[PDB]
Amino acid sequence: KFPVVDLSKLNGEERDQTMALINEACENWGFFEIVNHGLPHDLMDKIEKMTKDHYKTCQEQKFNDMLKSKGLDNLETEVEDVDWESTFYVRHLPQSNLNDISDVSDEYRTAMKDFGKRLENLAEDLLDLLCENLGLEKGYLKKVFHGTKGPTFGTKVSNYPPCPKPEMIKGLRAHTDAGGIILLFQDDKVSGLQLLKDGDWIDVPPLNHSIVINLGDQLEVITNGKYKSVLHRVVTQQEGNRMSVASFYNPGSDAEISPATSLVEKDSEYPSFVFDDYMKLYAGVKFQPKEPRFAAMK
Amino acid sequence: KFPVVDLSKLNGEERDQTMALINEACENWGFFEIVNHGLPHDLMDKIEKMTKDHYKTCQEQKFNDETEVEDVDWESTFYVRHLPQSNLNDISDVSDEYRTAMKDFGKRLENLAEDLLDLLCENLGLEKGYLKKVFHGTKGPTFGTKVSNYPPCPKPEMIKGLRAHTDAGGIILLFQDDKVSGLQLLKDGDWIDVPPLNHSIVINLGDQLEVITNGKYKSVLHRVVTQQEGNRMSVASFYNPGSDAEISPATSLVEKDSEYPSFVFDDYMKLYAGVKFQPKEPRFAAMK
Amino acid sequence: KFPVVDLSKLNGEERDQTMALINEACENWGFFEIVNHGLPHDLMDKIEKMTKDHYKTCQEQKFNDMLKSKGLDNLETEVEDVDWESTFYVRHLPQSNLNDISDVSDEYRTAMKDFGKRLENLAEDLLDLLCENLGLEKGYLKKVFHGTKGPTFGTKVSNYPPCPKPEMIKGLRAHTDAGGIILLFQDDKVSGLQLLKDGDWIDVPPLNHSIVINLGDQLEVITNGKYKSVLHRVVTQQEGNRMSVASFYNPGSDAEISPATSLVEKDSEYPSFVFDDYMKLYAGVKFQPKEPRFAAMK
Amino acid sequence: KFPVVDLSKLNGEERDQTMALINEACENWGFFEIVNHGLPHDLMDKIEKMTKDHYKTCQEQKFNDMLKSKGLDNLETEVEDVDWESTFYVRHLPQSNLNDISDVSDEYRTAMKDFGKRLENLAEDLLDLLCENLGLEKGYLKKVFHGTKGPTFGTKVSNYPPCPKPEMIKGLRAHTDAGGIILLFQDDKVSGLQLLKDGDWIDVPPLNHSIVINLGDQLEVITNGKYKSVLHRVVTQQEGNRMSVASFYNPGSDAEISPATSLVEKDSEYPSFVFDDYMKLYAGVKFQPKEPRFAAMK
Amino acid sequence: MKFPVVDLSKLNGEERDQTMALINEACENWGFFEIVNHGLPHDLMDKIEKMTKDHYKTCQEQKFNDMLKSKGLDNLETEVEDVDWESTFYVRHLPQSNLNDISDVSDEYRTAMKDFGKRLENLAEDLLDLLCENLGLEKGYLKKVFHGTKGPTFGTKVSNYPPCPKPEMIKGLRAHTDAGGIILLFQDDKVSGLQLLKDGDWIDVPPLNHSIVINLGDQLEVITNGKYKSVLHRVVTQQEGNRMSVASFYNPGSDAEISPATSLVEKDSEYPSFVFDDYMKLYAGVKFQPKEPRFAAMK
Ligand SMILES: O=C(O)c1ccccn1
Ligand SMILES: O=C(O)c1ccccn1
Ligand SMILES: O=C(O)c1ccccn1
Ligand SMILES: O=C(O)c1ccccn1
Ligand SMILES: O=C(O)c1ccccn1
Ligand SMILES: [Zn+2]
Ligand SMILES: [Zn+2]
Ligand SMILES: [Zn+2]
Ligand SMILES: [Zn+2]
Ligand SMILES: [Zn+2]
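Residues numbered from 1 in each chain as written, not as in the entry; some residues may be left out. Chains lettered and ligands numbered in written order. Part of a larger assembly, values for the part shown. Heavy atoms only, no water.

- As documented in the archive entry, the model was determined using X-ray crystallography at 2.1 Å resolution.

Here it is, written out as structure tokens:
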């Protein structure tokens, strides 16, 4: 059963049990859903509606332009080198480009700014729960992530349109995320996101007004492997356009990333590096195995 | 024999024959095809190619939406405005290349429309630019393009691609499929095919030119029929008077009292929208 | 000015003028287009339509698989030994293989059979006009071409898909045709076929519902050089997929080919041979000079 | 310091810094000189000699004829409506008139033809360097310039003879060039060409065996203002006849010119138009401000 | 993208700060603005307009038709880029008035023109003082700079743009920037035609009854070190409508020294320092050529 965490149970004497659920999702799933997370359901509903309307208005034509430009009109053999995906990226931190994206509406930009700020505070709240579960001092992960200019925080807004031949192409090929903590607002009707657990692909179930959390490669390093970043993918379907609004809380470019000493006894197998060196490498090898990227930092 | 006019034959000895053919088509056919019209054949090929491919990606799967159907058109369409103001950069489903080509195509058809109106002026004995002046109104002529496809129909005898009507506006410049037929005009009690022809433009005159010419050039009924296989493309540009243009029979063409009304074009168009497939003649009477 | 012959003008006031024009193209161009040839325009439209749709359904992915098979994905330098071409061949005579091309529909197969029979009759009518212009007896060329089983007649169905860098690769390299008379139904929008005349490449202009005629090597031999087989090529372009349905009316395999004695005063420089010996040689050296193939038949 | 670019440094490990100099000149100067290009110094020396000898034999007459019919033999006061300039034009593309200029020698025409071909290839190589610096796809600008008949390429051969009172008249009044890329072989001793930069006229220094490059109005549109076409003029002097062999690589007549979409964020202030409409208008208003010509294309 | 209209009466009250900020925004971003409630009597504007239009009809219109005849502009076969479709005369007020020397004007027109020009000269100096305040300069700075030895130069260009059968062939007045200081225009309130270039588009300066159009010339661009630029403008013709134009030019005296104000120059200026009459002698010959070479020529 996929972990669903009720964050409102942290405000009372059920808080220890909630923390234990968070910790075991972090150790064994790499993913969990959160409900009662404090984000207004009214804000999620308009983010959802304006994301979908901005797709028809602005992204659908770019998407078909892409399928023509790569011959994906007609899928007669398996395509393992492209994602059946429509995306644009919004940067929040350290410097916002929200007011420079030309094709987004005023009210969409205002909703995205509010949504991004609330998710940034929720990311930092979640990192503190991780710290507590890890036996780290409060604020430890936030301070590691800061670097010189503060954390990097952006939002990937994706749609995975219907695919006539889902067997032939993935919406997004299997990978682990490079960063710190990932907070996903996904479609509540159209499924597609899957994680790999114990040798099976497991669906990340659509759930109304929920946020999906998962941990990236940097948290595997800092926890000395105690919390691993898990492989995940998006599969297409013939009917349905799955919406994806995923926010990435990453260390600053010059943050020093290393295994926390209190989590290391035997010499660590994980490297110590500067985050931007990891991200330069990751961009070119995102869909290749994760383990060579750690070795490359030594 | 359907009139085909070679516009390259206007510069010379050949001009009086050509002008006589244009006038004969305007009086008796209401339609004619033009060749050697100055539009680059590469631009037409790109327009045709991108129109057919945009139907593929953006219109065909929505068009998924036993007896004779007399109230629906078997048609997939979207509209582009050029004048007085263009919404070309606001149509969501069009690519940048298609948009750049339509803008170039639209400007050239606008210049050719005004050249054709000047040929009509000469044949009518009107001063050059007379029809363009009449069409201007306050904000200039209205000019837009209707991009249509008529997909194959299993039972073409049950439904028309587009029911019989006359066009409300001024002059219509049609870039139609050069293989798949379908457009027909009504002449002397017979439906006549408007023959597909490579790199040609089909011209026809609308209701506003019938008024201005005091019936000398009438707007002719036409339709699009479906067929069981073939998707006929249609890129049709409508050069119309401005909304507040005053439309009336040109005085030099009226010796009598005219049976045709004098009105403002937008009053004709508001009425036209609701009664497009009913008879033409009541729309003229309604303007008195 | 590229020769366009109106076959309706044989009926026959300008019939001498039409014949003189045919003769002048045969001597000086090696190519000419014919209009009003008797082939139903609706059959041509069906052939063109089904050929283009059969490419998209069956050849376009095979073509992209061949490109990556041969490394033409990257055209960083000139390719002089490959044609940027998708083709299959249909044999009509003496023995048809129309029923063995498996990915074609019964409608396409029935239309190609009707088209091929009409083109075979037009080929023989054209050969009789050449006979008259050359002063040969009626039916002379048909009789020479017959051999024991009759003429060889087949159709090459080609498409030349768009090429990102057309200056690196040809759709089909320069060559002369080995056979008798070639009847080409080519794309009426997309150009590409060129012939060499007076030291210049001249486009063979797309013309709707026209047939392009050219003379092959066997007619150069029979006419003792009076009608030469002309070099031609297909160039690619970056946008546009030129279709080509080209039918080859050739002598039978065991036909004896020699210069017609009434066209020879001075001893001929051309050989006398059996057609299949010429064809066995031609297959290996098609894109090398033509003149050594004549010498090799002595 | 006026930018001088060594093109031979593109073949090696200094190529990035060379590209950076090119991009800097394109953004901030609109002009740059190139050395170590492909042109043989002996070909430049012969072009220069035969241009100067062709002035004395053929153009000096037409120049004094010009001064006669305009009353410019004695300059009492300023002349702001004529250029103190002797010119003839050589067209190379899409069609050459080189063999139709009556008063040009056989060897001048052969040198002029070889020179033009090398400058045409250098124009296209330089346009690809701009593409790379702009982040556009390879060949982007050449493809935009092509239209139906290919680029327009011609050569303006000018001499600016000595002027008794240089204060009264310019060799060529201030203007921006209408076209794409301009490649100038100018006099290496007699100066005169100046550009306007930061509120000062700056000499374009004569330099042995160099080519001066500048960008025209069409590249400002395509780059959405990132590379502007800058005002330039030729001043006269009392002693010295400055030679000018200027080759203009322009889009084809029916080329569609518009800002490249990857260079546009907010709505562009630059129009989208067909090049020949720009040129019709430019011819009559060449020495009036540039900015109204862009406004006229909307 | 609304054309700026400034209510000058709002300077007398609690909204003076907001009004000054609007004026400053128009100076930086438009180079043009319209003013209302400017203090010129509406009845004087009406008489100027009436007498200007009647003086065209009786005295200028015959000359204009005769001007076309002499230049063969009866027949607009092709585009004319070197002639203005314009009927004009000029009135010099300062330093020396020639008003009593124009022969074909009535005494009533001459008296109204003298009164109109005096009020416009006072309004020009009031506006220059608003610019000074917005620029952080001392009160009277621009008037002092403009004075030279004999005071500012002030004249009025009285123009009509008669109907043109083929407007696409010829402009009423070709695109240019004005050479001088501040330009105060009383234009037709019905017939449009004046346009300015802003952000790559021609923008109509909309006719507005009893308004004055203000624009800044090349000299204020120099003095403000480019903070207020002189903007390109033109007059287009139409097939019917005769646009009237009464434009007054408040310019520095001939021997005035023009340079960027020292408090606006934190690093070396791209703008020259010169004497105004040298700029004007050059400008007369190159008025319809680009502006930027004229600044370079003064160095
Ligand atoms: O696009 C991704 O890589 C993604 C999105 C949401 C959650 C995890 N990963
Ligand atoms: O859609 C129409 O009404 C139409 C289209 C093309 C030509 C004439 N009429
Ligand atoms: O493929 C060929 O060699 C060919 C095709 C058509 C016409 C001439 N030659
Ligand atoms: O004659 C010209 O306009 C020119 C010549 C060379 C370089 C730039 N411009
Ligand atoms: O005549 C001019 O140059 C003018 C007239 C009015 C306003 C601005 N400029
Ligand atoms: Zn991911
Ligand atoms: Zn219609
Ligand atoms: Zn061949
Ligand atoms: Zn120039
Ligand atoms: Zn002015």
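Having seen it, we continue.
Describing the sheet that holds strand β10 (residues 232–235) of chain A
Residues and elements named next belong to chain A.
Then, in step 1: Strand order in the open sheet made by the four strands is β5-β10-β7-β8, with antiparallel pairing throughout. Either end of the sheet is taken by a strand with one partner, and the two such strands are β5 (170–175) and β8 (200–203). Averaged over all pairs of adjacent strands, the angle between strand axes in this sheet comes to 30°, irrespective of strand direction.
Then, in step 2: Note: strand β7 (residues 193–197) against β8, four bridges, orientation antiparallel. Looking at the pairing, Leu195 lines up with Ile202 of β8. (Pairing = 2+ DSSP bridges. Helix = DSSP H or I, 4+ residues; strand = E, 2+ residues; numbered from the N terminus. Axes fitted to C-alpha atoms, helices over the stretch in contact; angles between N-to-C directions.)

Some remarks on the coordination of the zinc ion (ligand 8)
Residues and elements named next belong to chain C.
Then, in step 1: Only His175 (NE2) and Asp177 (OD) from the protein coordinate the zinc ion (ligand 8), and they sit 2.1 Å from it.
Then, in step 2: Geometry at the zinc ion (ligand 8) is irregular, judged from the four donor atoms that bind it and their angles of 79 to 145° at the metal.
Then, in step 3: Residue classification places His175 among the buried residues on the basis of a relative accessible area of 4%.
Then, in step 4: Of the residues examined, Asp177 reaches a relative accessible area of 7% and is grouped as buried. (Donors = N, O, S within 2.8 Å, 3.2 Å for Na, K, Ca; no water. Tetrahedral: all angles 85-135°; square planar, octahedral: opposite > 155°, others 65-115°. Buried < 20%, exposed > 50% of the residue type's maximum accessible area, 1.4 Å probe, protein only.)

Regarding the site of ligand 1
All names here are of chain A.
Then, in step 1: In the vicinity of ligand 1, the contacting residues are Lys156, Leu172, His175, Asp177, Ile182, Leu184, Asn214, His232, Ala246 and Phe248.
Then, in step 2: Separating an oxygen atom of ligand 1 from a side-chain N or O atom of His175 is a distance of 3.4 Å.
Then, in step 3: Interatomic distance of 3.1 Å between a side-chain N/O atom of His232 and a nitrogen atom of ligand 1.
Then, in step 4: For ligand 1, whose free accessible area comes to 260 Å², the fraction covered by protein is 96%.
Then, in step 5: Those elements that provide at least two residues to the shell around ligand 1 are β5, β6 (181–186) and β11 (242–250).
Then, in step 6: For the shell around ligand 1, the class distribution of residues is five nonpolar, three polar and two charged. (Near = heavy atom within 4 Å. Polar contact = N/O pair within 3.5 Å; in protein donor to acceptor, adjacent residues only side chain to side chain. Areas by Shrake-Rupley, 256 points an atom, 1.4 Å probe, with all protein chains shown as cover. Nonpolar A, V, L, I, M, F, W, Y, C, P; charged D, E, K, R; others polar.)

Brief notes about the site of ligand 4
Residue and element names in this part refer to chain D.
Then, in step 1: Around ligand 4 sit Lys156, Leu172, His175, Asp177, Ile182, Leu184, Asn214, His232, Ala246 and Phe248, and those are all the residues in its vicinity.
Then, in step 2: Between ligand 4 and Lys156 there is a distance of 2.6 Å, counted from an oxygen atom to a side-chain nitrogen or oxygen.
Then, in step 3: Interatomic distance of 3.2 Å between a side-chain N/O atom of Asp177 and an oxygen atom of ligand 4.
Then, in step 4: Taking 260 Å² as the accessible area of ligand 4 by itself, protein coverage stands at 96%.
Then, in step 5: Residue assignment for the shell around ligand 4 shows that the elements contributing at least two residues are β5 (170–175), β6 (181–186) and β11 (242–250).
Then, in step 6: Classifying every residue of the shell around ligand 4 gives five nonpolar, three polar and two charged.

Examining the coordination of the zinc ion (ligand 9)
Between any two of four tetrahedral donors, the ideal angle at the metal is 109.5 degrees; between two of six octahedral donors, it is 90 or 180 degrees.
Then, in step 1: At 2.0 to 2.2 Å from the zinc ion (ligand 9) lie its protein donor atoms, namely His175 of chain D (NE2), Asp177 of chain D (OD) and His232 of chain D (NE2).
Then, in step 2: Judged by relative accessible area, which is 5%, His232 of chain D ranks as buried.

A few points about the interface of chain D and chain B
Then, in step 1: The partner chain B presents 10 residues to the seven residues of chain D that form the contact.
Then, in step 2: The interface formed by chain D and chain B holds one salt bridge in total.
Then, in step 3: Among the salt bridges present, the one from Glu256 of chain D reaches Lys46 of chain B, with a minimum N-O distance of 3.6 Å.
Then, in step 4: Counting the contacts that link chain D with chain B gives one residue pair in polar contact.
Then, in step 5: Tallied by class, the residues present in the side of chain D that touches chain B amount to one nonpolar, four polar and two charged. (Contact = heavy atoms within 4.5 Å. Salt bridge = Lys/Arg side-chain N within 4 Å of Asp/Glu carboxyl O.)

Concerning the UniProt feature "coiled-coil region" in chain E
Then, in step 1: UniProt tags residues 107–139 of chain E as "coiled-coil region".
Then, in step 2: End C-alpha atoms of residues 107–139 of chain E are separated by 37 Å, and the span's content is 88% helix alongside 0% strand. (UniProt positions renumbered as here; feature names shortened; annotations may be inferred.)

Quick notes on the packing of aromatic side chains
Then, in step 1: Taken as a whole and assessed by the stated rule, the structure comprises 43 aromatic pairs over all chains.
Then, in step 2: Measuring from centroid to centroid gives 5.5 Å for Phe2 of chain B and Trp29 of chain B, while their planes differ by 70°, and the two rings are edge-to-face. Linking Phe2 of chain B in the segment before β1 (4–6) with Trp29 of chain B in the loop between α1 (15–28) and β2 (31–35), this pair joins segments that are 27 residues apart in sequence.
Then, in step 3: Given the relative accessible area of 7%, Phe2 of chain B is considered buried.
Then, in step 4: Relative accessible area serves as the criterion here: at 8%, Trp29 of chain B is assigned to the buried category.
Then, in step 5: An aromatic cluster is defined as three or more aromatic residues linked by ring pairs; in this entry it consists of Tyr270, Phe273, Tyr278, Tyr282 and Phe294 of chain A. (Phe/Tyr/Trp six-rings, centres within 6.5 Å; stacked < 30°, edge-to-face > 60°.)

Focus on the UniProt feature "domain: Fe2OG dioxygenase" in chain E
Then, in step 1: In this structure's numbering, the residues bearing the UniProt feature "domain: Fe2OG dioxygenase" are residues 152–252 of chain E.
Then, in step 2: Secondary structure content for residues 152–252 of chain E is 6% helix and 48% strand, while the C-alpha to C-alpha distance between its ends is 5 Å.

A short note on the pairing of strand β10 (residues 233–236) of chain E
Residue and element names in this part refer to chain E.
Then, in step 1: Both strand β5 (residues 171–176) and β10 contribute to a ladder of three bridges, which runs antiparallel. Residue pairing across strands places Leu173 opposite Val235, the latter belonging to β10.
Then, in step 2: With three bridges joining them, strand β7 (residues 194–198) and β10 adopt antiparallel strand pairing. Each residue of the ladder has a partner; that of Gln195, found in β10, is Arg234.

Concerning the layout of surface pockets
Then, in step 1: Here the second largest pocket defines a volume of roughly 1,600 Å³.
Then, in step 2: Forming the walls of the second largest pocket are 46 residues, and the residues nearest its centre are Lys228 and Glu291 of chain D together with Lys229, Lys291 and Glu292 of chain E.
Then, in step 3: Counting only elements with at least two residues in the lining of the second largest pocket, the list comes to α1 (15–28), β7 (193–197) and α7 (291–296) of chain D together with α1 (16–29), β7 and α7 (292–297) of chain E.
Then, in step 4: Its residues placed into classes, the lining of the second largest pocket shows 15 nonpolar, 12 polar and 19 charged. (1 Å grid on protein atoms, 1.4 Å probe; cavity = no way out; pocket = protein on both sides within 12 Å on 5 of 7 lines; lining within 4 Å. Points joined across faces, edges and corners; volume = space filled by probe spheres on them.)

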